[PDB]
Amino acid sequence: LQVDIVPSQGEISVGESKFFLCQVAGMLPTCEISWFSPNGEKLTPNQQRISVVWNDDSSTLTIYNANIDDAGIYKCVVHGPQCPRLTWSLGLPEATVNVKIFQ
């Protein structure tokens, strides 16, 4: 159970939009992906500016129409009842992406 965000970094500008894919290799039965904003709010598939998409063992973070208040590090956590809470590489079952806005 490993997780990675592609792209790994985000060089966004104000107004532009950027997508981030979180893919988990080694998904075991009870595992599920969840995104978290810089402030720690769990992002649900809402019809809002910053939303999330569920696509097979992956989950995409779409940041439409960017603004300066969106910058921060977003977390993608693979959690579950019977889901490993440790990566094959003795790492946490989560991945981070640092998005930075400009002008």
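Numbering starts at 1 and follows the sequence shown.
S.K.: So, looking at the entry's B-factor column for Cα atoms, which has the higher mean, 44-52 or 27-35?
M.R.: It is 44-52 that shows the higher mean C-alpha B-factor.
S.K.: C-alpha B factor of residue 78, ranked within the chain: lowest, middle or highest third?
M.R.: For residue 78, whose C-alpha B-factor we compare with every modelled residue in the chain, the answer is the lowest third.
S.K.: Which third of the chain holds residue 103 when residues are ordered by C-alpha B factor: lowest, middle or highest?
M.R.: Ranked within chain, residue 103 CA B lands in the highest tercile.
S.K.: With respect to C-alpha B-factor, does residue 10 fall in the lowest, middle or highest third of the chain as deposited?
M.R.: Residue 10: CA B-factor falls in the middle third of its chain.
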